[PDB]
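Let's start with one chain on its own, the form deposited in one PDB entry, as structure tokens.
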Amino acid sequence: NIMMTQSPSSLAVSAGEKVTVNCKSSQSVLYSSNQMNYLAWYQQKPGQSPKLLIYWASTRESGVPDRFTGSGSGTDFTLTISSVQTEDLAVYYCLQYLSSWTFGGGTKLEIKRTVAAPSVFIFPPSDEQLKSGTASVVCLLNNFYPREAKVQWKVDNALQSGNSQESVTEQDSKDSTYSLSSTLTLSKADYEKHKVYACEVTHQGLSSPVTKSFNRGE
């Protein structure tokens, strides 16, 4: 059975840079009687089915932009994006279809851009939720780059470890930023036993850590 090794597994590129993805097949996929390489390249974006870019190693599918080109033959194949656009962030798969199908492991592509500091907002738990017996406190970091960010929760100056979950949006396909939410869960009894709820944000774009906080009852 023909195995497919894709490399690199992950890359970050500025918009406008050249992108290169490599695919090695364990056996040749060049069919000797028609001199065609039985190799396709796919783009897949979240929630979508994969989209064919290139087949026979180097023929573009119709409607596929010029910046996508395939090359190689035999066992070595490369998908090139000559000038990566902001919306090209995706997972790219090669596929051999000479003897059954085998997909590569996929290559996740992300975009780099100029540093951009988050706006931070903190939300107290609503009263409606407090009746239900649970207290959710939400910290929002809005439209920033890079994704790396430290969000520390403090309750009356007590570091909260392990009772918060973070969530990150897909990178924006126009301006390449992320937004991040961190949500601290507490019991109603615990919440109503403390005063100062604080969200401390450290990020490469802020000249010093930023703290958004509220006193329970303001």
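Heads up: residue numbers just count along the shown sequence, starting at 1.
Participant: Between 172 to 180 and 154 to 162, which has the larger average Cα B-factor in the PDB entry?
Facilitator: Averaged over C-alpha atoms, the B-factors run higher in 154 to 162.
Participant: Going by the average Cα B-factor in the PDB entry, point out whether 112 to 120 or 126 to 134 comes out higher.
Facilitator: Going by the record's values, the stretch with the higher mean is 126 to 134.
Participant: Which one, 143, 80, 85, 75, has the peak C-alpha temperature factor per the PDB entry?
Facilitator: The record points to 75.
Participant: Comparing residue 61 with the other modelled residues of its chain, is its CA B-factor in the lowest, middle or highest third?
Facilitator: Answer is lowest: the recorded C-alpha B-factor places it there.
Participant: Could you say whether, by C-alpha temperature factor, residue 44 belongs to the lowest, middle or highest third of its chain?
Facilitator: Tercile = lowest for this residue's CA B-factor.
Participant: For residue 167, return the chain-relative third of its C-alpha B-factor as stated in the PDB record: lowest, middle or highest.
Facilitator: Within its chain, residue 167 is a lowest-third residue by C-alpha B-factor, going by the deposited values.
Participant: Within this chain, which third does the Cα B-factor at residue 53 fall in: lowest, middle or highest?
Facilitator: Answer is lowest: the recorded C-alpha B-factor places it there.
Participant: When the deposited Cα B-factors of this chain's modelled residues are ordered and cut into thirds, is residue 29 in the lowest, the middle or the highest one?
Facilitator: Tercile = middle for this residue's CA B-factor.
Omitted from view is the form deposited in another entry, to which the following refers.
Participant: Single out the hinge among 136, 169, 140, 110, thinking of the two rigid parts turning against each other between this form and the one not shown.
Facilitator: This hinge corresponds to 110.
Participant: Versus the form shown, are the CA atoms of residue 147 and residue 9 closer or farther apart in the other form, given a shift of 3 angstroms or more?
Facilitator: Closer together, which means the C-alphas of residue 147 and residue 9 are at least 3 Å nearer in the other form.
Participant: Your call: residue 54 and residue 173 CA atoms, closer or farther in the other form versus the shown structure, by 3 Å or more?
Facilitator: So the answer is farther.
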